[PDB]
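Below you'll find the structure, written out as structure tokens, and then a few comments.
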Amino acid sequence: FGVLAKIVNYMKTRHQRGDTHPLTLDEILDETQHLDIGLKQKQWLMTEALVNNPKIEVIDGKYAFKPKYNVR
Amino acid sequence: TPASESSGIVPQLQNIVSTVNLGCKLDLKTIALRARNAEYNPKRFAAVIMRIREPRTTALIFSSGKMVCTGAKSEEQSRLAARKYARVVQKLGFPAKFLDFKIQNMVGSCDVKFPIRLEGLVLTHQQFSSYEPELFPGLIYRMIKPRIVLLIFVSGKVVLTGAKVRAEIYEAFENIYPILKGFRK
Amino acid sequence: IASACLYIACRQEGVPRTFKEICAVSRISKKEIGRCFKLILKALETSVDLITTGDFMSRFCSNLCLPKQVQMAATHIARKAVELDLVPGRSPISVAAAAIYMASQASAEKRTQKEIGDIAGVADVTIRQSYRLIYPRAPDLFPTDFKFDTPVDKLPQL
Amino acid sequence: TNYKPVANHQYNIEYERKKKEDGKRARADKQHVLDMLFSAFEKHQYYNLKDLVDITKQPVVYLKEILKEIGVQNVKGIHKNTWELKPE
Amino acid sequence: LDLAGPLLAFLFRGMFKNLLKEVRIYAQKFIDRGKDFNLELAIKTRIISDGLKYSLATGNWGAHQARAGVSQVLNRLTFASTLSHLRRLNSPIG
Amino acid sequence: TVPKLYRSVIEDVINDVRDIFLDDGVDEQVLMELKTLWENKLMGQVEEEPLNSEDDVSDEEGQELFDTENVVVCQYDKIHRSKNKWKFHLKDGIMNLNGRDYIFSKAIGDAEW
Amino acid sequence: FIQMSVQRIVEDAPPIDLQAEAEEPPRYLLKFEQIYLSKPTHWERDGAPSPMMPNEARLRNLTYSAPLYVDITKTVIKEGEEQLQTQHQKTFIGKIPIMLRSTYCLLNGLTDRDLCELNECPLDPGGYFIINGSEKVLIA
Amino acid sequence: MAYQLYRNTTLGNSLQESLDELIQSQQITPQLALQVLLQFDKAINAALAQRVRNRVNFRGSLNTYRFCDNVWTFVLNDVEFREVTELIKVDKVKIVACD
């Protein structure tokens, strides 16, 4: 679950890049040096619990658009 | 013309400390992991210490790009060696430059070949001498105009600290020699 | 700042105390009292006279409970030693301790070296070094009238 | 009684211990911080700066520079006033 | 009759309590920061001396306003005067 | 010397690692095979661009070898420097000096840079 | 008071208990052993002790006080390990005034001629403290 | 307390080259490979700390010196390590030190 908040921080720096694009969890876990096993499944249960309260927006489809106010 | 015919001993320079900016910010942990003759501990200090043994001078490389170098006899040697440090700094794969070289201080040892008595020297020249033997065995003399802080020792040896240019420190020993002579043994 | 001020006040009034005596009664170390002392002198633009050997006597000898004879002998010994240039560039406290050692081990009430170094400020090694410096000119350094419970011949060597 | 030391012995051992490290410490792991606060916030939902410091090994100003980004200080808290967390 | 002993012992109980309190405060200040405390540096040697001196000089016995006039300067007009001052009592009519 | 250690090291090692490899617990002797295969194999100026006119100074000493394979794998207690003389208070001194293996508790000496 | 009351007050005071607040941090205990008392002494500008005679304290506006000493004992109990006793020693804790011609005066066991040599009246009774040069009597 | 400094030791290297080739053939399940050495470290360290009971001195000079984060590397041409006679000049003594 802590690694999950770390992924949130990662996507926050991703916003900071400004190259935010519709993504998924596997590529982030790879780029953050973490694996894809049943651990990813339990942390994805936690991640969907996050999707129930993702003030930092993490939607399932085309997503990650956190800022409630966002133009450039 | 010299004030004295003997003109003194003309103290020989011993150490010089020179600061140089390497132009732009540089990492140290990388320089540390790639350096050959160096030491680095952010617990010990905030820079990467190193030495070259061509003029036998040590130096410090800071992350901010400003460096310092110490332990050179000649001021030209100090400059060329401070640049030689930037040489290896650049040749480790980093943008090293040599902007704003300057020598900030240097020290001069000497000897007058005759013993001294310091008590009269501090009784008369009181305004600029402080000699508390329990703290340190020597007389701290601070001449106003030359801006050299001297250390007068009983064995005759006088070390001159705080020099800006070699001529500056060269002046000070002949300045104090007429003061230092009369208070002798 | 307060311990430096106390040292400067004790020095200005002719009753000097060693830096070790002020570190004895204060939280601050000697190599901070010294910095603050030199900074206060440079800041107030004043100066304090020299600590001589005689200013440290009359407390050292009295705290060891030596009689007055031993103490006048020690003061004269230290004055003659520092005039004869025998002790070059040493500390006044050190030559004072060595003089007290001579006056003690040349008299009835004789004191050990560890004890003198304890009560004054000085390590034992420094006392024996200064004493070796003043020992050869033994009879010449004393005052004329003095009863030697041990004569000058066997002044303890060290 | 009060007798002549070069330096008092308690201060001497304080110095000899400060010969171990420096309070102006280094730092490399910005991701590390959240690992402990994941498990340990059940003990203190908001942890003091003196709380984080010894669990970490980092200087105070850098840790505070990070703690600005990660969480907020609970100026008015039931237990005390210290540094809470944004869940994400 | 409290002559001279229990009177001063009252003060000394008070002043030893105060000295131990100050030693506690100082040594705590030192142990909190992880340093040992030098015991001699803790003893505030003014407490006992100054307390007994002040109370004997002025004559108030702490709450200083509780007792007043217990210490009087000795009369030396005649030997009888001194000798009757050293044997005097005082009713507490308050 | 060194086998005088290995007689009670790899044996004392495997005595502990017994349960470590019994967490899986494949046959004892089929692991002793590798346990003894251990020994089977063991047996300024405005014109200051020329920082390298020819060079400021290139380090004349060049080894880039690690010639003798002695990784003197010893933990350090204190290493203090003189002017040029280097002092040592080393500890736990394993090495491969001149191809010859030796281990020792501590080590001290001098050096010159 | 000076023979059976000060030691009673000091030895019937609770041991000062201290434990480091900032893995069982160190704990410090202090207990006060015997009281030692000295002759009424003076300290001149040069710091030398010299017996303070009563007549002098009347002339020079002095207090006829005696330095009080007490043996204290530390105890470094730490980390569930062995303790370090370190009994400090006689330690200066103040100056208790001395009643003239008491057992602890410089005049206690002196004859008439000795009292005269110290310039004191052999008929003076005693029983008055000298506080700042003025004699004070404690009325019962 | 186990020390990772013993990765390159001849004994450690031989144990490593054993486990590599042997787990290559599925003599044991692959996960225990690294854990073997991780437990092996403390087994070395206890004996190296208290079992050893002797020390010697040496002499020589060094070319370069290193103090990366906690590694004290010495490029020392330490000619002699003399208890009785290590006279043969050890040319490139690479003292690596930690903690």
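Chain identifiers are assigned as A, B, and so on, following the order in which chains appear in the structure tokens; residues are numbered from 1 within each chain, and ligands are numbered from 1 in order of appearance.
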Could you write out as a VMD selection string the residues of chain C within 8 Å of chain E, counting only C-alpha atoms? chain C and resid 25 to 27
Compile the contact shell of region 2-6 of chain A as an NGL selection string: residues with an atom at most 6 Å away, counting only C-alpha atoms, same-chain residues fewer than 2 positions apart removed. (:A and (8-9)) or (:D and (35 or 38 or 88))
For a quick check of understanding, using only C-alpha atoms, which of C:34, C:143, C:92, C:16 has the smallest distance to residue 1 (chain C)?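 For residue 1 (chain C), the nearest of the candidates is C:34.
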Quick one, how far is CA of residue 51 (chain E) from CA of residue 69 (chain G)?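 Between these atoms lies a distance of 16.5 Å.
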Find the residues near residue 74 (chain G): any atom within 6 Å, counting only C-alpha atoms, skip ones fewer than 2 places away on the same chain, and give them as a ChimeraX atom specification. /G:29-30,85-86
Write the residues you've just listed into a file as a compact mmCIF listing (two decimals), in the first residue's frame, and include N, CA and C atoms for each of them.
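Full text of selection_34.txt as output:
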# COMPACT_ATOMS: atom_id res chain seq x y z
N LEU G 29 20.86 8.60 39.89
CA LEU G 29 20.45 8.71 41.28
C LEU G 29 21.57 9.36 42.09
N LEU G 30 21.19 10.18 43.07
CA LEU G 30 22.13 10.88 43.93
C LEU G 30 21.65 10.80 45.37
N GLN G 85 29.57 3.67 40.68
CA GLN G 85 29.29 4.35 41.95
C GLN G 85 29.85 5.77 41.90
N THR G 86 31.17 5.95 41.83
CA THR G 86 31.77 7.29 41.77
C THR G 86 31.28 8.20 42.90
How would you write, as JSON, numbers by chain, the set of residues in chain H that DSSP gives as helix (DSSP H, G or I)? {"H": [4, 5, 6, 7, 10, 11, 12, 13, 14, 15, 16, 17, 18, 19, 20, 21, 22, 23, 24, 32, 33, 34, 35, 36, 37, 38, 39, 40, 41, 42, 43, 44, 45, 46, 47, 48, 49, 50, 51]}
Pull out every residue of chain G that has at least one atom within 12 Å of chain D, counting only C-alpha atoms, and report them as a VMD selection string. chain G and resid 22 67 to 71 88 to 93
Would you save the residues from that selection as a short mmCIF file (atom, residue, chain, number, x, y, z; two decimals), in the first residue's frame, using N, CA, C and O atoms?
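File out.cif, as written:
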data_model
loop_
_atom_site.label_atom_id
_atom_site.label_comp_id
_atom_site.auth_asym_id
_atom_site.auth_seq_id
_atom_site.Cartn_x
_atom_site.Cartn_y
_atom_site.Cartn_z
N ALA G 22 14.57 12.11 27.10
CA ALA G 22 14.86 12.09 25.68
C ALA G 22 16.08 11.22 25.38
O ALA G 22 16.75 10.74 26.29
N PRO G 67 32.43 26.89 56.12
CA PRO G 67 32.05 26.14 54.92
C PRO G 67 31.49 24.77 55.27
O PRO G 67 32.08 24.01 56.04
N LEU G 68 30.35 24.45 54.67
CA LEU G 68 29.67 23.18 54.86
C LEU G 68 29.95 22.26 53.69
O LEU G 68 29.86 22.68 52.53
N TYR G 69 30.28 21.01 53.99
CA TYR G 69 30.60 20.03 52.97
C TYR G 69 29.76 18.79 53.19
O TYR G 69 29.38 18.48 54.33
N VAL G 70 29.46 18.08 52.11
CA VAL G 70 28.66 16.87 52.18
C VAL G 70 29.13 15.90 51.11
O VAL G 70 29.43 16.30 49.98
N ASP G 71 29.25 14.64 51.49
CA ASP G 71 29.59 13.59 50.55
C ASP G 71 28.35 13.20 49.76
O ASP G 71 27.34 12.79 50.35
N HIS G 88 31.56 11.22 44.97
CA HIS G 88 32.31 12.40 44.54
C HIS G 88 33.31 12.75 45.64
O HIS G 88 34.49 12.41 45.49
N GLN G 89 32.90 13.44 46.71
CA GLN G 89 33.57 13.51 48.00
C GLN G 89 32.88 14.58 48.82
O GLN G 89 31.76 15.00 48.49
N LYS G 90 33.52 15.01 49.90
CA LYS G 90 33.23 16.31 50.48
C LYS G 90 33.08 17.35 49.37
O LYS G 90 34.00 17.57 48.59
N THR G 91 31.90 17.97 49.31
CA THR G 91 31.56 18.91 48.25
C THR G 91 30.98 20.16 48.89
O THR G 91 30.13 20.07 49.78
N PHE G 92 31.42 21.32 48.41
CA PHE G 92 31.02 22.59 49.01
C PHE G 92 29.55 22.87 48.72
O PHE G 92 29.12 22.86 47.57
N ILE G 93 28.78 23.11 49.78
CA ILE G 93 27.36 23.44 49.65
C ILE G 93 26.96 24.69 50.41
O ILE G 93 25.78 25.03 50.42
#
Rank nothing, just name the residue among B:37, B:74, B:105, B:175 nearest to residue 88 (chain B), using only C-alpha atoms.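 Between B:37, B:74, B:105, B:175, the residue approaching residue 88 (chain B) most closely is B:37.
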List every residue of chain H that DSSP, applied to the backbone of this structure, assigns to strand (DSSP E), and report them as a ChimeraX atom specification. /H:59-66,71-80,93-98
Which chain A residues have any atom within 12 Å of an atom of chain D, and for each, what is the nearest pair of atoms with distance in Å to one decimal, counting only C-alpha atoms, rows sorted by chain and number, as JSON lines?
{"residue": "A:1", "atom": "CA", "partner": "D:38", "partner_atom": "CA", "distance": 7.3}
{"residue": "A:2", "atom": "CA", "partner": "D:38", "partner_atom": "CA", "distance": 5.3}
{"residue": "A:3", "atom": "CA", "partner": "D:35", "partner_atom": "CA", "distance": 7.3}
{"residue": "A:4", "atom": "CA", "partner": "D:88", "partner_atom": "CA", "distance": 8.5}
{"residue": "A:5", "atom": "CA", "partner": "D:88", "partner_atom": "CA", "distance": 5.3}
{"residue": "A:6", "atom": "CA", "partner": "D:31", "partner_atom": "CA", "distance": 6.9}
{"residue": "A:7", "atom": "CA", "partner": "D:88", "partner_atom": "CA", "distance": 9.0}
{"residue": "A:8", "atom": "CA", "partner": "D:88", "partner_atom": "CA", "distance": 6.0}
{"residue": "A:9", "atom": "CA", "partner": "D:88", "partner_atom": "CA", "distance": 7.4}
{"residue": "A:10", "atom": "CA", "partner": "D:31", "partner_atom": "CA", "distance": 9.6}
{"residue": "A:11", "atom": "CA", "partner": "D:88", "partner_atom": "CA", "distance": 10.6}
{"residue": "A:12", "atom": "CA", "partner": "D:88", "partner_atom": "CA", "distance": 9.6}
{"residue": "A:13", "atom": "CA", "partner": "D:69", "partner_atom": "CA", "distance": 11.5}
{"residue": "A:32", "atom": "CA", "partner": "D:31", "partner_atom": "CA", "distance": 10.6}
{"residue": "A:47", "atom": "CA", "partner": "D:88", "partner_atom": "CA", "distance": 11.1}
{"residue": "A:50", "atom": "CA", "partner": "D:88", "partner_atom": "CA", "distance": 8.8}
{"residue": "A:51", "atom": "CA", "partner": "D:88", "partner_atom": "CA", "distance": 11.3}
{"residue": "A:53", "atom": "CA", "partner": "D:87", "partner_atom": "CA", "distance": 9.5}
{"residue": "A:54", "atom": "CA", "partner": "D:88", "partner_atom": "CA", "distance": 8.0}
{"residue": "A:55", "atom": "CA", "partner": "D:88", "partner_atom": "CA", "distance": 8.0}
{"residue": "A:56", "atom": "CA", "partner": "D:88", "partner_atom": "CA", "distance": 6.8}
{"residue": "A:57", "atom": "CA", "partner": "D:88", "partner_atom": "CA", "distance": 10.1}
{"residue": "A:58", "atom": "CA", "partner": "D:88", "partner_atom": "CA", "distance": 10.8}
{"residue": "A:66", "atom": "CA", "partner": "D:88", "partner_atom": "CA", "distance": 11.2}
Atoms kept (N, CA and C atoms) for selection, written as a short mmCIF file (atom, residue, chain, number, x, y, z; two decimals), in the first residue's frame:
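result24.cif, freshly written:
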data_model
loop_
_atom_site.label_atom_id
_atom_site.label_comp_id
_atom_site.auth_asym_id
_atom_site.auth_seq_id
_atom_site.Cartn_x
_atom_site.Cartn_y
_atom_site.Cartn_z
N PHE A 1 0.82 -1.20 0.00
CA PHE A 1 0.00 0.00 0.00
C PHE A 1 0.86 1.26 0.00
N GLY A 2 2.01 1.20 0.69
CA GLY A 2 2.95 2.31 0.62
C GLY A 2 3.53 2.48 -0.77
N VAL A 3 3.88 1.36 -1.41
CA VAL A 3 4.33 1.41 -2.80
C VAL A 3 3.25 2.04 -3.67
N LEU A 4 1.99 1.87 -3.29
CA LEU A 4 0.89 2.47 -4.04
C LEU A 4 0.91 3.99 -3.94
N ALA A 5 1.05 4.52 -2.73
CA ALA A 5 1.20 5.96 -2.58
C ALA A 5 2.43 6.45 -3.32
N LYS A 6 3.47 5.62 -3.38
CA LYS A 6 4.65 5.98 -4.16
C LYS A 6 4.32 6.06 -5.65
N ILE A 7 3.47 5.15 -6.14
CA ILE A 7 3.01 5.24 -7.53
C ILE A 7 2.22 6.52 -7.75
N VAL A 8 1.42 6.92 -6.76
CA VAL A 8 0.71 8.19 -6.85
C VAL A 8 1.70 9.34 -6.98
N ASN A 9 2.77 9.32 -6.18
CA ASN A 9 3.80 10.35 -6.31
C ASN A 9 4.46 10.31 -7.68
N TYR A 10 4.66 9.10 -8.21
CA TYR A 10 5.24 8.94 -9.54
C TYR A 10 4.35 9.60 -10.59
N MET A 11 3.05 9.33 -10.56
CA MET A 11 2.18 9.94 -11.56
C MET A 11 2.05 11.44 -11.33
N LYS A 12 2.29 11.89 -10.10
CA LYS A 12 2.33 13.33 -9.85
C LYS A 12 3.52 13.97 -10.56
N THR A 13 4.70 13.35 -10.46
CA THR A 13 5.83 13.83 -11.23
C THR A 13 5.57 13.68 -12.73
N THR A 32 9.02 1.90 -12.40
CA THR A 32 9.36 2.13 -11.00
C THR A 32 10.08 0.95 -10.37
N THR A 47 -5.65 -0.58 -5.04
CA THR A 47 -5.68 0.49 -6.02
C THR A 47 -7.11 0.81 -6.45
N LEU A 50 -8.50 2.76 -3.89
CA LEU A 50 -8.05 4.12 -4.20
C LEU A 50 -8.97 4.78 -5.22
N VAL A 51 -9.31 4.05 -6.29
CA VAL A 51 -10.24 4.56 -7.30
C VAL A 51 -11.59 4.91 -6.70
N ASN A 53 -11.65 6.58 -3.85
CA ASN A 53 -11.39 7.91 -3.30
C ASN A 53 -10.19 8.58 -3.97
N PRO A 54 -10.13 8.62 -5.31
CA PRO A 54 -8.92 9.13 -5.97
C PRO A 54 -9.00 10.63 -6.22
N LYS A 55 -8.92 11.41 -5.15
CA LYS A 55 -8.79 12.85 -5.32
C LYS A 55 -7.66 13.16 -6.30
N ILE A 56 -6.53 12.48 -6.16
CA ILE A 56 -5.62 12.32 -7.28
C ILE A 56 -6.29 11.34 -8.23
N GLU A 57 -6.83 11.87 -9.33
CA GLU A 57 -7.72 11.07 -10.17
C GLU A 57 -6.99 9.88 -10.78
N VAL A 58 -7.47 8.68 -10.47
CA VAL A 58 -7.04 7.46 -11.13
C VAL A 58 -8.27 6.70 -11.61
N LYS A 66 -5.59 14.40 -12.68
CA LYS A 66 -5.81 14.88 -11.31
C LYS A 66 -6.43 16.26 -11.22
#
